[PDB]
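Chains as they are written, first to last, in the authors' numbering: chain E, 2 to 273; chain h, 1 to 44; chain X, 2 to 91.
Where is the CB? At the ideal position from N, CA and C, for every residue including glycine.
Step one of this worksheet: look at the structure below.
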Amino acid sequence: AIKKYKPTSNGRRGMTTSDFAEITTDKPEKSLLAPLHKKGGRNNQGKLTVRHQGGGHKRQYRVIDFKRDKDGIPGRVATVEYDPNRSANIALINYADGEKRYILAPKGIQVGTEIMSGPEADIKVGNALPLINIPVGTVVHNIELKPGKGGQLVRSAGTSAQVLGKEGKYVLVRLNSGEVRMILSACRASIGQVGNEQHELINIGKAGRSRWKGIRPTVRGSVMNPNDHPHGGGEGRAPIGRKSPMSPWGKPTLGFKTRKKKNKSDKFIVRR
Amino acid sequence: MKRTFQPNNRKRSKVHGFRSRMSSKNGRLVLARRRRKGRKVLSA
Amino acid sequence: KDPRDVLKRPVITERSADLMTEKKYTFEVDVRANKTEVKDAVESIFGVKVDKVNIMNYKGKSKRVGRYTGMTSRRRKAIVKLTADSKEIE
RNA sequence: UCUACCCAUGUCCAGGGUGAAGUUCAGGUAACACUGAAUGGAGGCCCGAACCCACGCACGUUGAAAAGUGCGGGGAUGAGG
RNA sequence: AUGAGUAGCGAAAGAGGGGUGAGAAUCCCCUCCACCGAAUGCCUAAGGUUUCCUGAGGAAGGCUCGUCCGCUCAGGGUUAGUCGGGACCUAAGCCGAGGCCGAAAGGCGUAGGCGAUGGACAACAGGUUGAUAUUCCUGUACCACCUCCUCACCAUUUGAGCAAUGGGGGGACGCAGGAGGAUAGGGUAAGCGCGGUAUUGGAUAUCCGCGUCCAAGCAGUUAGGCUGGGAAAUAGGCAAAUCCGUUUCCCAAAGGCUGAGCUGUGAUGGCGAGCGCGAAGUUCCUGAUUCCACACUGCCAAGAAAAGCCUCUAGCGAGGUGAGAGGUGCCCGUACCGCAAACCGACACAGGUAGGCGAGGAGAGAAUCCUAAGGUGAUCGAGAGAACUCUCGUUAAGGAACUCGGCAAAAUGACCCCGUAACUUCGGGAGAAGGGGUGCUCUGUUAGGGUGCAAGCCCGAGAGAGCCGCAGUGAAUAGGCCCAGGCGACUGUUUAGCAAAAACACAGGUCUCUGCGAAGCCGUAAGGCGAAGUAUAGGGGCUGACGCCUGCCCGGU
RNA sequence: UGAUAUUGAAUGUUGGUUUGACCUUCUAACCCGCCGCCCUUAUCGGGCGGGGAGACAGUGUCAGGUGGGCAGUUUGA
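Here you go:
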């Protein structure tokens, strides 16, 4: 599962990692790789728009079939692989037509396991289906909000979503946020809790490791100057000094629901 | 000590250069100003 | 276009002397021309063959006359190596 | 073209030391646990040159210098230069 | 003008003899001496733009002089199919037809194209002038292309052959560690050659000095490294398929890709001590920071693209393929400086300036001291040797009484052996502290190891005897240590140019937001970061490792 | 946040005089950083076909609230 390093040094002290036991290999498929270049939080305009990003180890994108458009084609798992671009792991699978793809990595999955993605398929792990053919009481991921678009949902590691019922064209679904939602029924989804399941259970141990992950430091606003942040200023270390904690851009943070009120998906959602 | 001016003719010609000034409106206006005065060296 | 317009004039130095002893002559040329042009120019003018050509181009020396500090014109000098079994030149 | 940050691609870090994880052996245990060696070679690890930075002093303070020099100093395979 | 002929004349060893010249500390030559030597040496960028070389000159500049030059005048000097860059590739980024937005201007952005700091790519070894040279000359080669030609083969419609701007492969990749192999290089250890055997006492050999090589390409070979192969069938590889990929069968070492280097050639030449000529030109040892090579192993933070190349068919296909012979091969740059007096610092400025090579002894070492190769003697001097200032060295007895304060300085310092505490997150503390020993000779070419076929070269623990000194890491360099406390867990970052910190950050913790066209943020908007991510994620706030904990109040905001 | 224009077709409902308002529903408007095909070797857009949402949203005009996020200013003798 995880490793717990010994305290040979104050930086290595407290550190934990994964054993990467689930992994099988150390090299991906060139056919499915693609390039990246970091962005440092900057935009088209060059201006910085998001903080706390930039300067990590470089990476190379692993293309993914979040759609499972292929149907009636039995695939077979070949490998499990590391993707730096995500909490989860991935699985390289090979279809009978010679095509090869990556997918997300559920838990309890092994090499040699076979896969089908079409509606008539079975409801075991790794397979993919529309929510109609999927029954109630199932654990699901890479859920898609629109048919053909691919999963824009539970993809992350250790995550899972439960199914609850139907309304015909729409389907009730629980989400890892704890949230209930109506989703169009023809939209596909893939079965099984996502694999890694312990990514959260890590002590990064030091700062350099987050820098390697590409996270730049975070400066608190209570030490900035008032030109820069509201909390900034004050002779000596000082408290907030106003009605609420506030953002650098003059908005509150705690409790202030940011979602739009006139939004339309409010119809489809139920609770949270 | 290290100082401000570290010459690179490429950077000079790609910033303060003729193609660049002619690229933009405001750079054209320079050349206008920089002619009716009568400057021999109107740009890099 | 004409070879007569290609070539401009020779270069008379002790270097050029030493070289015409060794059958390879020199010239100076319009700045745009090239090696093959000058080769065919020589062949067409003097009726002589060529072993090879080696070509150069110098910048303009700055000068001074009173306050005035202009620059000399540029130059494109070209060394040509006649074959053996080839003619010489005046 | 300084400088702050970022992006892409390159490049530099004399030597020496410590000795982790893991593996094997032996003791040990019902099994383990645990213990001792060998291998192993980690580390924002150690000492310390290049390199980088600037704490302590002195000097200079119409200077060699519009921010330095000298003697020491800190980091020196990582948040590196 | 004064200040005042005052300050300063910008780190650093020079002296003498000759010469030149109207005129010499300052220019040239010689001899000695001294400095550098992981640099003050060789290459080379950016940048400078003639400063290069030669010959004249000394009005200015040179912090003086000047017969001199990075100054002034004249002249001259930079030679490329293979080097670097273009007629090749693309990243970041930039431009951007059409288009999308926008009071205008313009912004965004597709196709497409620019764009190296990377990829790919054919030539080396010797001379050469005052100045260029893997560019010129001499030798030997290689790459691409062309056919007036020669040869061999194949075929003209199943018609041999060619290779898509398409597909596939490959290019194509991190970081660390360590063994191996080889080589540059080094040693002079042998052996060889050349020269000398000297005058200060001594030495014919048991001596001294100097030198003891040669590519690219071609043929062969290899340490090794990788890679499992063969036969059929194919829901895919935007059209197709003998190529890919997938599956099933038969074999299990062979095969292929590679491969540093090595041997012969190249070499009936060149180089070469030394004197236009020219001897020996081998072996042994050591041995990389370099190559095999990111090859292997391990690790996680999971390590560019495209084109060259190969292949597939599609398509073109009536003359082609191969070899030889002959022939063609453009543009830019090439001088010179490049830790410097030519660059950036207003200066001939004690500063800064990327990268490659980088010797010997002692040495772990690019440290350090002294020296090689090679380069310098530094742009004012001589002369007295006082107060004072600076940088240094010694010091009686005392020993921190000085002092805000042991600031500064001194002291310690290397290697080996013994020994090493409270405490602890059990890892450390710890080089704790503290003690002790180091030199030379003989046993001894040692016990022993590496190499070697052996001889013969390298490394060299330990003890025994002995010898000297005040003193044996005899010089330079290389911890001062301990007790306790506060603050911050730590490594790190910061007020360039007063403040390095208890400040910032940090990993960790917690709260909150956000269901994906997220949220937030930039922008008038389009368009974007977020994210080619999806609540084990992203953003914001506060707190700051770890351990024990984090109590009462929701009245007010 | 509301009114109004884009923004129309219905079934009901309740009001006073047909009318407007309200709830449901539909689609053709509008929208889609959903799919497929062509433009086209194109992750732009733009045409077709579907699909999803839907007279909502978005946008324009008007109005109220909040609003040191920002600006101009005052803060006596």
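Cβ neighbour criterion (16 or more within 10 Å) applied to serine 74/X: exposed
Candidates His53/E, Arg52/E, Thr139/E, of which the one nearest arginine 175/E by Cα: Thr139/E
Neighbour-count burial assignment, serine 45/X, 16 or more Cβ in a 10 Å radius: exposed
Secondary structure, alpha helix (DSSP H): runs of 4+ residues fully inside the segment 11-68 of chain X: 15-22, 36-47
Span separating the alpha-carbon of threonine 80/E from that of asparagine 26/h: 59 Å
9 Å Cβ cutoff met for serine 186/E and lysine 167/E: yes
Three CB pairs or more closer than 8 Å across the segment 43-56 of chain E and the segment 72-79 of chain E: no
Chain-order list of residues whose beta-carbon lies under 6 Å from that of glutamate 198/E (same chain, five-residue window excluded): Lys108, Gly159
Where the alpha helix (DSSP H) through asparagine 26/h begins and ends: 25-36
Closest Cα partner of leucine 146/E within the set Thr17/E, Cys188/E, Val271/E, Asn44/E: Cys188/E
Local conformation of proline 4/X per DSSP, three classes: helix
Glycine 206/E and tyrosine 6/E closer than 9 Å at C-beta: yes
Contacts around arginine 5/X, its chain only, beta-carbon distance under 6 Å, and the 5 residues preceding and following it disregarded: none
Beta-carbon proximity of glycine 151/E to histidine 142/E, cut-off 9 Å: no
Proximity to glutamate 91/X [Cα-Cα], best of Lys24/X, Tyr69/X, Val66/X: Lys24/X
Host beta strand (DSSP E) of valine 141/E (start-end): 140-142
Nearest-angstrom Cα separation, counted from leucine 105/E out to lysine 68/E: 11 Å
Exposure label - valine 43/X; buried when at least 16 CB within 10 Å: buried
Selection from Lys50/X, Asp86/X, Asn55/X that minimises the alpha carbon distance to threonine 27/X: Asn55/X
Counterpart residues of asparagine 90/E in DSSP-defined beta bridges: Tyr83/E
Sheet register partners of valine 41/h (DSSP bridge): Paired residues: none, contrary to the question.
Residue environment, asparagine 90/E, which counts as buried when at least 16 other CB atoms sit within 10 Å: buried
Cβ contact (3+ pairs, closer than 8 Å) linking the segment 242-255 of chain E and the segment 220-234 of chain E: yes
Environment of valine 7/X [buried if 16+ CB atoms lie within 10 Å]: buried
Proximity of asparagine 204/E and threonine 9/E at Cβ, strictly below 9 Å: no
C-beta atoms of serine 161/E and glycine 193/E nearer than 9 Å: yes
Rounded Cβ spacing between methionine 57/X and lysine 64/X (contact assumed at less than 8 Å): Contact flag wrong, Cβ pair sits at about 21 Å.
Top-ranked residue by Cα proximity to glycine 215/E, from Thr25/E, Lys59/E, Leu173/E, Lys261/E: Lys59/E
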